[PDB]
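Peer 1: The structure is given below, and queries will be raised subsequently.
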Amino acid sequence: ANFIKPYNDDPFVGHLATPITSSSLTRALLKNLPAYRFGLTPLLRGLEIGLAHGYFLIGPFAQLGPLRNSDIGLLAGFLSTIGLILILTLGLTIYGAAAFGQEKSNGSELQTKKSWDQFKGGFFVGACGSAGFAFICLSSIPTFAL
Amino acid sequence: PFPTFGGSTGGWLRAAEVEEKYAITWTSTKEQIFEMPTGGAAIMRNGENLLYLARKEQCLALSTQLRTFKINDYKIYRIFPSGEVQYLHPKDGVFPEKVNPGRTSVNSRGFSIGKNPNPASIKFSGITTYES
Amino acid sequence: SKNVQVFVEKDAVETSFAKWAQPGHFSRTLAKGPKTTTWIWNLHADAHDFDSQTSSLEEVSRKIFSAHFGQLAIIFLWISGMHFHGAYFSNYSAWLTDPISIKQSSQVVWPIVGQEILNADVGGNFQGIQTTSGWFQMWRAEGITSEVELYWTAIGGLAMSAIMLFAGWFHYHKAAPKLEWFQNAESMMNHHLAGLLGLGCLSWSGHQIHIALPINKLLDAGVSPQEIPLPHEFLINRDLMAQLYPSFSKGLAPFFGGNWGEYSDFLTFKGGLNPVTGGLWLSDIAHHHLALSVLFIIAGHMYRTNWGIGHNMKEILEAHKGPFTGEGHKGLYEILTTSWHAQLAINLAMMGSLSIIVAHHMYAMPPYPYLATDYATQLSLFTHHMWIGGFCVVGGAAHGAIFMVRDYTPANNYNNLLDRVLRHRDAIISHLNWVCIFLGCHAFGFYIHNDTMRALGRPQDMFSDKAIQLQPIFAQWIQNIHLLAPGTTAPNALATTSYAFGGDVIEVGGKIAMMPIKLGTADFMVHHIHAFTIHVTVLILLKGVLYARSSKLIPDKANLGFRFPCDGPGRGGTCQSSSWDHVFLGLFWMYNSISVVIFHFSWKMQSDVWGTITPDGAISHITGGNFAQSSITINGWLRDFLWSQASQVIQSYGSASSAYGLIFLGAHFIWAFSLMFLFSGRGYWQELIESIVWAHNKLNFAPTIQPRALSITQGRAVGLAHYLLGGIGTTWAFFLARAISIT
Amino acid sequence: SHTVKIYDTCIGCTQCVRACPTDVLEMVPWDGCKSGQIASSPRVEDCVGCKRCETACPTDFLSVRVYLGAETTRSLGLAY
Amino acid sequence: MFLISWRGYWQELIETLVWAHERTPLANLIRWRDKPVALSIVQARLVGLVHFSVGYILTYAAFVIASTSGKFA
Amino acid sequence: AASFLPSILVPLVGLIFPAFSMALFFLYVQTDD
Amino acid sequence: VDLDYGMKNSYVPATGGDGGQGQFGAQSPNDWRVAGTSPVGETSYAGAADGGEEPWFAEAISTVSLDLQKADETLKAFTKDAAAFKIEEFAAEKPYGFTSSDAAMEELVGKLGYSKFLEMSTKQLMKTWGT
Amino acid sequence: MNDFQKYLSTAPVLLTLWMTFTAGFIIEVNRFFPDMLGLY
Ligand code: CLA
Ligand code: CLA
Ligand code: CLA
Ligand code: CLA
Ligand code: CLA
Ligand code: CLA
Ligand SMILES: CC1=C(/C=C/C(C)=C/C=C/C(C)=C/C=C/C=C(C)/C=C/C=C(C)/C=C/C2=C(C)CCCC2(C)C)C(C)(C)CCC1
Ligand SMILES: CC1=C(C/C=C(\C)CCC[C@H](C)CCC[C@H](C)CCCC(C)C)C(=O)c2ccccc2C1=O
Ligand code: SF4
């Protein structure tokens with residue numbers, strides 16, 4: 001039994017079909033991720049990605065930042081996260097400009113200027129909102145005790 | 001007609017699909033093991049064989065190895081993304097190391113290397129001394 | 001007939017001095033004669049590359065066997081000299097009587113040019129250089145007692161050296177074995193694993209049980225060396241032994257019977273360290289070797305030779321194959337039985353790895369009497385064996401690459417483990433690169449973060465045991481396990497294998513020999529840095545082995561060789577792309593890695609272990625425990641370690657430690673000198689030489705062996721050599737001078 | 001990309017064309033030398049700049065000179 | 001690093017990194033427009049000299065100032 | 001008050017300005033006129 | 001076959017410091033600067049290969065290949081001039097009962113294949129075409 | 001003998017012998033005339 005085979009049955013491509021690269025688990029997870037899922041509009045793709053990344057970013061800042069022990073530590077953490085989101089958003093904007101150009105036509109192809117702009121917008125809204133949600137959640141932590 | 005190989009992570013990448021690609025072909029009289037430039041060992045087939053690579057040098061390197069097996073019928077081509085193909089080597093059917101009547105000289109200067117012009121003389125000209 | 005037989009050719013090579021007068025005889029190219037200075041250098045660089053001197057494995061093999069005899073002869077002469085110098089130029093006798101006060105010395109300088117200052121007042125009405133190799137302790141453990149005995153072992157050494165040299169000549173010029181003889185791995189392993197190691201251990205146990213143990217007991221008790229009976233007396237009079245160990249009375253009767261328990265008097269599993277000498281109990285050491293001996297002898301009966309029973313390594317290797325590894329270990333046997341370079345790779349790596357282990361195990365569990373309290377010897381040995389190990393490990397990698405470029409054959413390796421490795425090399429290297437970056441950024445970042453924070457007046461934000469803390473929880477756990485082992489997981493033991501894990505403070509002579517070593521945030525930070533350094537070294541070396549034959553950049557690197565300068569200025573630049581160059585770069589990282597390790601040892605010990613303890617419980621460490629809050633920042637290392645602990649070397653002038661000061665300076669000079677070879681190029685030098693030659697010509701004289709500049713590769717080699725010598729030399733003096741004082 | 005030029009001092013040893021790793025050089029008929037052959041550089045678009053050719057020339061000073069210049073994917077030997 | 005280590009080694013390593021980015025899902029979405037390559041021979045020399053020089057001047061600048069001020073000022 | 005200027009300008013000069021400048025350079029070098 | 005397809009590229013040789021388009025062109029006509037991967041059911045690099053359910057590894061799906069039959073044609077087209085020169089010389093040397101260049105070519109290549117024809121001296125050819 | 005003499009005539013060997021001799025004589029001079037910073 002061989003669990004490693006040439007990818008796509010092409011013995012000369014620079015890739016291999018390993019259990020990690022091509023397993024039902026990996027295929028399933030990647031197919032349903034917002035980035036590659038089928039049917040999602042550019043805006044929704046960005047939104048989901050943003051919602052996911054914003055929620056986990058408030059943590060590092062809130063618990064290890066300069067004002068962690070201050071009563072306003074969580075608030076400061078939120079502000080810091082928003083700042084990071086802005087930096088990342090600038091990057092997305094700039095990338096789109098260089099990679100796609102100035103006027104597009106295909107449409108509904110994440111890889112076009114219009115679609116990219118919509119994607120970026122979604123990310124910003126989702127990320128900032130997600131960070132806010134974490135702020136509300138971390139304001140009062142449940143002990144789940146009966 | 002692909003030789004028997006199990007795959008590698010040293011094969012071609014996107015450039016081969018969007019910029020340009022190469023291919024070598026040869027005929028063998030026996031099935032033998034050769035080492036491929038990408039990395040690893042493969043077994044050639046008894047007859048026609050075709051292999052794809054990303055660089056001309058990689059193809060010509062394999063040709064050197066083939067000559068050791070006494071194979072001198074190799075041909076190298078460049079396939080563009082649209083499907084256009086260019087025959088590259090042996091270009092005129094005769095290996096370059098053998099003078100073939102019908103080939104014209106190119107990039108030849110009729111004087112010793114020391115007779116090239118002085119850099120200052122060609123200043124503000126755009127040409128170089130070796131092209132002057 | 002027999003699978004294993006002896007085949008030897010008589011009178012293979014005539015002994016004469018003709019070739020001696022024909023430098024370069026070994027090479028076809030060099031033999032023609034010298035025309036430029038390059039010939040001279042090449043002569044020395046291709047001297048021992050037998051593979052390039054001949055095309056027959058038999059011939060190459062024959063040379064290697066004989067050459068090895070030569071090394072053995074040299075080693076024997078070395079040991080002989082040491083014993084002689086310890087018999088005629090040492091204070092062993094005095095030290096033996098008062099080991100705590102007298103300082104070990106076995107080298108004396110002639111009274112020429114004020115160099116006599118180097119002869120220190122070590123003690124015992126003797127003046128000489130304080131040695132740090134640990135000979136005195138070893139001799140005491142063996143039970144030497146006299147200096148006459150040292151003289152005789154010296155004579156034996158000289159004799160042995162001669163025998164080895166004769167053997168080399170004999171087995172190359174008169175009786176040279178054929179290739180078939182060499183290719184008998186199963187037999188060799190059976191003999192070496194049962195005879196060399198098994199019988200060796202058993203023989204040593206005999207000496208320890210009959211000669212060393214008894215004498216050392218008397219010495220520890222207080223008996224004057226002169227009053228202790230001579231070694232032969234113990235061997236003959238069983239009654240004398242019975243007095244010390246009351247079981248010899250029973251004789252060997254208990255042994256032949258199954259009652260091995262009666263020998264518990266001398267064979268014990270006490271553990272811990274002898275309170276009087278501060279070294280492992282010899283009784284335990286005797287049982288150690290006896291047990292190991294049995295194991296080795298049994299293991300030597302695993303491979304088939306000429307009697308049917310046994311294992312054939314080829315079969316074992318080929319059977320072990322799995323779903324993810326193709327043909328598995330098929331093809332490896334042939335490689336290791338037809339390629340010396342491959343064998344050297346594995347053997348050299350393992351040898352170096354062992355040296356590093358010896359360094360760690362020999363300080364935590366001091367093996368010799370009166371060694372732990374001698375801080376100088378302890379530091380010297382740890383650093384020495386740490387270095388030897390690093391070089392050997394890198395060497396293994398080098399020879400591994402030479403194999404890929406010179407002996408690897410695609411035909412014999414189809415879908416085997418080696419082939420599959422070379423088929424996913426990109427993945428392996430890519431991932432390792434990331435691992436190195438991750439570790440490096442996080443590990444060193446901790447230090448930079450702390451430095452910035454302390455400088456900005458924000459000490460509460462540092463990664464320290466007093467702020468954000470990064471405790472080594474896993475290691476702390478293992479320590480507890482080992483501490484509680486005696487009596488539980490190790491029921492028959494009586495104490496911890498090492499007091500480092502935990503226990504009490506063992507003190508000898510008012511000085512601390514061993515103490516529990518604790519692990520905190522600083523230790524976490526340093527350990528992870530060690531990981532980073534080692535990982536990067538592996539990256540460079542492994543990349544060299546995997547991409548030795550080919551690469552996307554240079555598809556035909558194999559034809560170029562293992563040691564080529566480059567392929568050209570094209571492809572954007574192909575400088576230093578050979579496997580040799582990867583080894584070149586790897587050595588620099590090995591230097592860094594080992595340097596940090598030895599520094600960790602020096603500061604940790606002088607801060608949390610070594611020191612003095614009062615009659616009551618008051619422990620004063622040499623540096624005062626500064627490691628915890630000072631080793632967490634780079635400024636701390638520069639100030640509390642290098643700057644402070646270097647006060648000894650810099651202030652050594654006018655003392656017996658003056659030599660170290662001079663060497664410290666000299667080493668710095670050599671290190672800097674090397675940077676001119678590592679930063680410059682052959683072109684500038686060649687042109688300069690041209691102008692210089694003009695002068696000589698203008699005066700009607702010039703060498704026929706035209707002066708030429710060193711090759712690109714040699715330039716790099718010369719640079720690395722001087723760099724390593726200078727760096728290691730500097731630390732050598734720094735450590736030794738500091739240690740002499742602290743001791 | 002790079003520029004390779006051949007000079008009249010060539011002797012038609014063919015060593016250069018046998019060393020090129022990318023078939024940039026060829027041997028063409030000529031009458032200036034006893035061998036009756038000279039080297040040419042018809043396909044300089046594939047020169048990587050190795051200078052192996054120069055290393056092989058036997059003439060006092062290289063009859064084949066490679067002058068490095070503009071860089072392209074081919075000249076930079078990029079398989080990616 | 002720039003002075004003692006030369007291009008060949010680095011170029012090969014960069015090649016492996018390119019492979020990874022092109023084969024890692026999610027990151028594949030983003031791609032470069034300028035092929036990643038190693039620094040040139042002369043460039044590395046310049047970069048190295050600059051690093052050597054800047055460090056040289058900075059370190060002495062601190063010493064000459066802190067030592068003099070810390071003792072006499 | 002001018003005294004407040006250090007706390008209003010430094011944030012801009014060391015953070016906002018460098019960012020926009022780098023962005024512009026990238027857009028300039030990634031464009032094919 | 002467009003023998004100039006490669007030459008017809010966007011590359012513009014510089015004044016000094018450039019070898020030029022050489023013999024087969026200096027750069028591919030197509031631009032390598034294409035986009036990255038796309039969501040399932042979408043395409044990015046123009047005539048790219050659909051990744052199916054694994055769009056992440058779409059670039060590993062080959063779409064550019066060489067047809068052996070087509071390979072023969074490219075060999076003939078790019079070596080047409082050489083063949084012409086060869087046959088012309090054969091014709092110049094008073095061929096025995098010569099007919100037409102093309103006819104001679106067919107006869108001479110009917111035997112000795114085509115590759116062998118390209119690698120044979122006029123003398124050998126005349127010997128071969130003695131009949 | 002002749003061949004051995006040639007080996008002893010090799011550059012490396014001769015240098016070592018010569019330098020040993022030179023070093024020795026310098027050392028011996030300092031042994032009998034020590035501590036000199038000038039011709040007295
Ligand atoms: C102090 C000198 C120095 C430093 C810092 C480095 C640094 C490095 N060398 Mg190197 N090297 C040096 C001297 C040095 N070298 C010398 C003298 C030689 C000659 C032998 C070499 C030869 C050499 C080779 C042959 C190799 C390296 C490799 C590496 C890299 C290891 C990966 C890593 O840890 O990344 C982390 C790098 C750091 C500098 C860590 C500190 C940076 C901070 C603390 C982390 C956070 C910063 C963040 C990323 C950005 C901050 C933003 C802001 C500052 C602008 C790293 C870039 C290896 C490599 O590239 O493989 C990965 C490798 O193969 N080196
Ligand atoms: C590289 C090592 C390192 C680390 C770990 C830290 C850590 C820290 N620094 Mg420090 N620092 C460092 C180097 C480092 N420093 C260096 C080299 C400098 C000099 C320039 C400084 C200068 C500095 C200053 C000036 C300050 C800090 C501060 C801080 C704290 C705030 C953390 C923060 O906001 O991060 C935010 C982190 C993130 C947004 C992301 C974290 C990375 C994520 C967790 C990785 C996740 C990977 C994931 C597991 C992958 C798998 C995913 C899969 C399972 C799906 C924190 C304790 C601040 C402080 O208060 O000090 C205590 C502060 O004011 N640092
Ligand atoms: C590892 C081996 C080793 C080392 C490093 C030393 C080192 C030392 N020994 Mg020692 N020794 C050794 C083994 C060793 N010994 C052995 C095995 C013995 C037993 C025979 C001795 C017996 C011994 C005595 C009896 C004495 C020393 C002394 C010394 C010290 C002065 C050395 C000396 O003579 O300088 C000066 C060097 C010379 C006089 C030799 C002259 C230099 C020669 C001519 C150069 C070589 C010529 C060259 C090879 C030509 C090549 C020809 C070709 C055929 C190869 C020095 C520290 C002396 C000492 O410490 O006194 C206080 C001293 O008296 N040793
Ligand atoms: C039991 C038999 C036996 C023993 C003891 C050895 C021992 C050794 N072999 Mg070995 N060998 C054997 C059988 C044996 N071999 C067989 C059967 C083969 C053929 C398959 C080989 C083929 C072989 C090769 C090809 C090589 C060795 C090498 C070595 C040496 C390794 C270096 C080392 O550990 O230094 C330890 C050094 C010592 C312990 C010094 C003493 C060495 C002498 C010779 C011990 C002899 C016994 C001694 C006289 C004690 C007698 C007991 C008496 C007092 C009661 C070592 C001396 C290597 C080497 O360097 O050889 C020169 C090497 O390259 N062996
Ligand atoms: C068991 C140990 C061992 C053995 C048997 C070999 C054997 C061999 N190695 Mg190897 N090697 C080893 C360990 C070993 N190596 C280690 C540990 C390393 C890592 C540093 C290397 C690195 C290495 C490289 C990089 C190369 C070899 C090569 C070779 C081959 C030819 C050696 C040669 O040129 O001779 C001639 C030997 C010399 C010129 C050495 C002379 C000593 C020099 C001058 C340094 C001296 C330093 C000195 C101690 C400092 C004194 C200071 C004082 C003056 C103040 C040979 C098969 C070469 C080869 O081509 O293989 C096929 C090659 O390229 N090896
Ligand atoms: C002149 C430039 C400059 C300035 C003004 C600052 C200012 C600051 N840095 Mg800093 N930094 C700088 C350069 C600078 N940095 C550089 C060059 C590095 C690299 C070595 C760092 C690395 C660094 C680290 C690693 C950390 C800081 C942190 C901080 C904050 C600590 C004070 C505080 O209350 O934190 C508490 C934080 C707040 C009260 C939140 C303030 C609101 C934020 C800043 C809004 C940001 C939005 C902004 C407009 C988005 C930019 C858009 C883009 C187009 C430019 C403070 C805002 C720490 C921090 O907490 O970061 C936020 C921290 O962990 N810095
Ligand atoms: C390890 C692992 C794993 C993973 C894990 C993870 C990675 C997780 C993550 C997670 C996450 C990361 C999550 C996130 C979340 C988020 C959220 C939940 C958000 C929300 C938001 C909201 C809800 C909203 C908001 C808003 C908006 C939108 C705007 C407006 C305003 C508001 C506020 C409204 C598992 C277990 C699988 C398995 C095993 C392996
Ligand atoms: C590390 C190293 C590299 C690799 C170093 C690299 C690739 C530097 C990469 C990081 C620098 C800081 C460039 C990163 C720039 C950012 C990506 C932002 C660029 C934005 C543009 C608009 C400028 C070499 O190429 C090299 C070549 C020859 C000899 C030695 C070496 C060498 O030692
Ligand atoms: S430099 Fe290299 S590629 Fe260019 S002609 Fe010379 S050998 Fe060929």
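Following the order of the structure tokens, chains are lettered A, B, ..., residues in each are numbered from 1, and ligands are numbered from 1.
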For chain C, report every residue with an atom at most 7 Å from chain A (counting only C-alpha atoms), formatted as a list in words.

Peer 2: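 Result, ordered by chain then number: residues 323, 324 and 326 of chain C.
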
Peer 1: Could the residues of chain D within 12 Å of chain E, counting only C-alpha atoms, be given as JSON, numbers by chain, please?

Peer 2: {"D": [71, 72, 73, 76, 77, 78, 79, 80]}

Peer 1: With C-alpha atoms retained, could you export that selection as a CSV table (one decimal), in the first residue's frame?

Peer 2:
chain,number,residue,atom,x,y,z
D,71,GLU,CA,18.4,40.1,-16.7
D,72,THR,CA,15.4,38.1,-17.7
D,73,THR,CA,13.8,35.0,-16.2
D,76,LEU,CA,18.4,34.5,-13.9
D,77,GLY,CA,17.9,30.8,-14.1
D,78,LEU,CA,14.5,31.0,-12.4
D,79,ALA,CA,12.5,27.7,-12.6
D,80,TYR,CA,9.8,29.4,-10.6

Peer 1: Tell me, as a list in words, which residues lie within 9 Å of region 14-21 of chain F, counting only C-alpha atoms; anything in the same chain fewer than 5 positions away does not count.

Peer 2: residues 87 of chain A; 9 and 26 of chain F

Peer 1: Report as an MDAnalysis selection string which protein, DNA and RNA residues come within 12 Å of ligand 6, using only C-alpha atoms and all ligand atoms.

Peer 2: (chainID A and resid 58 60:70 72:94) or (chainID C and resid 445 448:449 452:453 461) or (chainID F and resid 6:24)

Peer 1: Write out as JSON, numbers by chain which residues come within 10 Å of residue 31 (chain E) when counting only C-alpha atoms, dropping same-chain ones fewer than 5 positions away.

Peer 2: {"A": [95, 99], "E": [21, 22], "G": [33, 34, 35, 36, 37]}

Peer 1: Output N, CA and C atoms for every residue in that selection, as an mmCIF file, in the first residue's frame.

Peer 2:
data_model
loop_
_atom_site.group_PDB
_atom_site.id
_atom_site.type_symbol
_atom_site.label_atom_id
_atom_site.label_comp_id
_atom_site.auth_asym_id
_atom_site.auth_seq_id
_atom_site.Cartn_x
_atom_site.Cartn_y
_atom_site.Cartn_z
ATOM 1 N N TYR A 95 -2.942 46.006 -2.042
ATOM 2 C CA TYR A 95 -2.722 44.794 -2.815
ATOM 3 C C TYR A 95 -3.648 44.768 -3.993
ATOM 4 N N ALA A 99 -2.444 44.401 -7.822
ATOM 5 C CA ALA A 99 -2.715 43.125 -8.470
ATOM 6 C C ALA A 99 -3.777 43.173 -9.544
ATOM 7 N N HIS E 21 4.955 28.678 -0.561
ATOM 8 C CA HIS E 21 3.860 29.632 -0.657
ATOM 9 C C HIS E 21 2.883 29.222 -1.733
ATOM 10 N N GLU E 22 3.396 28.684 -2.829
ATOM 11 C CA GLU E 22 2.531 28.297 -3.930
ATOM 12 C C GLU E 22 1.751 27.037 -3.620
ATOM 13 N N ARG G 33 2.612 37.442 -14.562
ATOM 14 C CA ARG G 33 1.948 38.093 -13.437
ATOM 15 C C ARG G 33 0.450 37.881 -13.474
ATOM 16 N N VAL G 34 0.015 36.665 -13.178
ATOM 17 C CA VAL G 34 -1.408 36.378 -13.133
ATOM 18 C C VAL G 34 -1.840 36.360 -11.674
ATOM 19 N N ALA G 35 -3.113 36.097 -11.406
ATOM 20 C CA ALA G 35 -3.616 36.140 -10.033
ATOM 21 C C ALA G 35 -3.339 34.864 -9.246
ATOM 22 N N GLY G 36 -3.963 34.732 -8.080
ATOM 23 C CA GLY G 36 -3.786 33.543 -7.267
ATOM 24 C C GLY G 36 -4.967 32.606 -7.376
ATOM 25 N N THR G 37 -5.202 31.802 -6.345
ATOM 26 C CA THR G 37 -6.285 30.820 -6.398
ATOM 27 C C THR G 37 -7.653 31.454 -6.235
#

Peer 1: If we count only C-alpha atoms and set the cut-off at 6 Å, which residues sit around region 20-34 of chain D, ignoring sequence neighbours fewer than 3 positions away in its own chain? Please answer as a list in words.

Peer 2: residues 57, 96, 97, 99 and 103 of chain B; 11, 17, 37, 38, 39, 40, 41, 43 and 44 of chain D

Peer 1: Would you output that residue set with C-alpha atoms, as a compact mmCIF listing (two decimals), in the first residue's frame?

Peer 2:
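Once everything was written out, this is result.txt:
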# COMPACT_ATOMS: atom_id res chain seq x y z
CA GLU B 57 19.31 23.76 -18.62
CA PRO B 96 26.32 22.38 -32.29
CA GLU B 97 29.81 20.99 -31.64
CA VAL B 99 30.40 22.33 -37.98
CA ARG B 103 25.30 28.16 -40.49
CA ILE D 11 41.15 28.46 -33.21
CA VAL D 17 30.38 25.04 -27.50
CA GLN D 37 35.77 26.77 -38.06
CA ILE D 38 34.74 29.61 -35.76
CA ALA D 39 32.31 29.89 -32.87
CA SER D 40 29.08 31.84 -32.98
CA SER D 41 26.51 32.92 -30.42
CA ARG D 43 21.05 32.13 -29.09
CA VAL D 44 22.27 34.58 -26.47

Peer 1: What are the residues of chain E lining chain A at 10 Å or less? Count only C-alpha atoms, and put the answer as a list in words.

Peer 2: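 So the contacting residues turn out to be residues 19, 23, 24, 25, 26, 29, 30, 31, 32 and 33 of chain E.
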
Peer 1: Once you count only C-alpha atoms and all ligand atoms, which residues end up within 7 Å of ligand 4, and could you hand them over as a list in words?

Peer 2: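 Protein and nucleic-acid residues within 7 Å of ligand 4: residues 64, 65, 66, 68, 69, 72, 181, 182, 184, 185, 187, 188, 191, 192, 194, 195 and 196 of chain C.
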
Peer 1: If you count only C-alpha atoms and all ligand atoms, which residues end up within 7 Å of ligand 5, as a list in words?

Peer 2: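 Checked against 7 Å with only C-alpha atoms and all ligand atoms; the hits are residues 44, 45, 46, 47, 48, 49, 50, 344, 348, 391, 392, 393, 394, 395, 396, 398, 399, 402, 563, 580, 583, 721 and 725 of chain C.
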
Peer 1: Please check which protein, DNA or RNA residues sit within 6 Å of ligand 3, counting only C-alpha atoms and all ligand atoms, and write them as number ranges by chain.

Peer 2: C: 77-78, 80-81, 84, 108-110; H: 13

Peer 1: Please, what distance in Å, to one decimal, runs between atom 5 (C, counted along the ligand's line) of ligand 1 and CA of residue 682 (chain C)?

Peer 2: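 Calculated distance between atom 5 (C, counted along the ligand's line) of ligand 1 and CA of residue 682 (chain C) is 27.7 Å.
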
Peer 1: Please, which residues have at least one atom within 7 Å of an atom of ligand 8, using only C-alpha atoms and all ligand atoms, listed as a list in words?

Peer 2: residues 1, 2, 5, 6, 7, 10, 11, 37, 38, 39, 40, 41 and 44 of chain E; 22, 25, 26 and 29 of chain F

Peer 1: Nearest residue to chain E out of C:588, C:382, C:370, C:673, using only C-alpha atoms?

Peer 2: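 Among the listed residues, the smallest separation from chain E belongs to C:588.
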
Peer 1: Using only C-alpha atoms, which residues of chain A come within 8 Å of chain B, and what is the closest atom pair for each, with the distance in Å to one decimal? Give it as CSV, sorted by chain and residue number.

Peer 2:
residue,atom,partner,partner_atom,distance
A:5,CA,B:6,CA,6.7
A:6,CA,B:7,CA,4.6
A:7,CA,B:7,CA,7.6
A:10,CA,B:7,CA,7.5
A:11,CA,B:7,CA,4.6
A:12,CA,B:11,CA,5.3
A:13,CA,B:11,CA,4.6
A:14,CA,B:11,CA,3.4
A:15,CA,B:9,CA,4.8
A:16,CA,B:9,CA,6.4

Peer 1: Using DSSP secondary structure from the backbone, list all helix (DSSP H, G or I) positions within region 282-427 of chain C, as a ChimeraX atom specification.

Peer 2: /C:282-299,313-319,332-338,340-364,375-406,417-423,425-427

Peer 1: If you count only C-alpha atoms and all ligand atoms, which residues end up within 7 Å of ligand 7, as a ChimeraX atom specification?

Peer 2: /A:51-53,55-56,125-126,128-130,132-133

Peer 1: Go through C:616, C:648, C:592, C:727 and flag the residue nearest ligand 1, using only C-alpha atoms and all ligand atoms for the distances.

Peer 2: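 Going through C:616, C:648, C:592, C:727 one by one, the smallest distance to ligand 1 is for C:592.
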
Peer 1: Could you go through chain D and tell me which residues DSSP, when run on the backbone, assigns to strand (DSSP E or B), listing them as JSON, numbers by chain?

Peer 2: {"D": [3, 4, 5, 6, 7, 26, 27, 28, 29, 37, 38, 39, 40, 64, 65, 66, 67]}

Peer 1: How would the residues just picked look written out with C-alpha atoms as a compact mmCIF listing (two decimals), in the first residue's frame?

Peer 2:
# COMPACT_ATOMS: atom_id res chain seq x y z
CA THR D 3 26.21 39.66 -24.67
CA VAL D 4 28.68 37.09 -25.97
CA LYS D 5 31.23 38.11 -28.58
CA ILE D 6 33.79 36.01 -30.45
CA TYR D 7 37.10 37.45 -31.64
CA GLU D 26 27.62 26.92 -32.29
CA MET D 27 30.50 26.06 -34.60
CA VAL D 28 30.25 27.76 -37.98
CA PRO D 29 32.42 27.44 -41.10
CA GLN D 37 35.77 26.77 -38.06
CA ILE D 38 34.74 29.61 -35.76
CA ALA D 39 32.31 29.89 -32.87
CA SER D 40 29.08 31.84 -32.98
CA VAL D 64 34.99 34.38 -26.33
CA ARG D 65 33.94 37.13 -23.97
CA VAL D 66 30.71 37.24 -22.01
CA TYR D 67 29.53 40.66 -20.88

Peer 1: To one decimal in Å, tell me the separation between CA of residue 719 (chain C) and CA of residue 646 (chain C).

Peer 2: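 CA of residue 646 (chain C) lies 26.4 Å from CA of residue 719 (chain C).
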
Peer 1: Please indicate the distance in Å from CA of residue 600 (chain C) to CA of residue 619 (chain C), rounded to one decimal place.

Peer 2: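 Result for CA of residue 600 (chain C) versus CA of residue 619 (chain C): 20.9 Å, one decimal.
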